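Residue numbers (full-length UniProt numbering), protein chains in the order written: chain A, 122 to 170; chain B, 666 to 715.
Don't be surprised by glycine CBs; every beta carbon is placed ideally from N, CA and C.
Working notes, structure below.
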Ligand SMILES: *[C@@H]1O[C@H](CO)[C@@H](O[C@@H]2O[C@H](CO)[C@@H](O)[C@H](O)[C@H]2NC(C)=O)[C@H](O)[C@H]1NC(C)=O
Ligand SMILES: *[C@@H]1O[C@H](CO)[C@@H](O[C@@H]2O[C@H](CO)[C@@H](O)[C@H](O)[C@H]2NC(C)=O)[C@H](O)[C@H]1NC(C)=O
């Protein structure tokens, strides 16, 4: 009357193929907060009485 | 059906993105001072031309 069976093998997950990476050289720039700086010369005369 | 197998459940750790976060920006820090000396100077040196 009562009859059972063994379970058969299963499909195991495939190992994912994986990511591909591009080799490159990179230079990262940011916002400039430094003021523009340039040298100048002042000419004036102090006066007093 | 009965099974001779022992289960095991593995789920990959999902991706997670980190957004940029700042408590205070440097503009708020520059504004923290009660008197920005530069702006006071620029305003006050316009009196003759104004
Ligand atoms: C990176 O390159 C490999 C090269 O083998 C890709 O392999 C592919 O694998 C998928 C399975 O998802 C197949 O559909 C493609 O036919 C394969 N291509 C080749 C040329 O083999 C791999 O998929 C690439 N990266 C990603 C994220 O898929
Ligand atoms: C295998 O993976 C997880 C347990 O680590 C289960 O998946 C989640 O189950 C919850 C309820 O517990 C559901 O609300 C979610 O939708 C399921 N998926 C995710 C991504 O969380 C899953 O049930 C486990 N397998 C078995 C047979 O229980």
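At least 3 beta-carbon pairs within less than 8 Å: the region 697-709 of chain B vs the region 151-168 of chain A:
no
Chain-ordered neighbours of residue 127(A) on chain B, where CB pairs are closer than 9 Å: Your numbering for residue 127(A) matches position 6 in the first chain. Simply 666, 667, 668, 669.
Cβ-heavy atom distance, residue 153(A) to ligand 2, below 8 Å
Within the first chain, the letter at position 32 stands for residue 153(A). No - ligand 2 has no heavy atom lying nearer than 8 Å to the Cβ of residue 153(A).
Q. Is it true that the CB of residue 126(A) sits closer than 9 Å to the CB of residue 684(B)?
A. Residue mapping note: residue 684(B) aligns to position 19 of the second chain, counting from 1. Residue mapping note: residue 126(A) aligns to position 5 of the first chain, counting from 1. Going by C-beta atoms, residue 684(B) is not nearer than 9 Å to residue 126(A).
Point to revise | Counterpart residues of residue 127(A) in DSSP-defined beta bridges | key: The count along the first chain starts at 1 and reaches residue 127(A) at position 6. Answer is 667(B), bridged to residue 127(A).
(message) Taking 9 Å as the threshold (beta carbon to beta carbon), is residue 154(A) in contact with chain B?
(response) The residue labelled residue 154(A) in the question sits at position 33 within the first chain. So, interface residue.
Q) Just to confirm, does residue 674(B) get its C-beta within under 8 Å of one of the non-hydrogen atoms of ligand 1? A) Mapped onto the second chain, residue 674(B) falls at position 9. No, since every heavy atom of ligand 1 falls outside the 8 Å radius drawn around the Cβ of residue 674(B).
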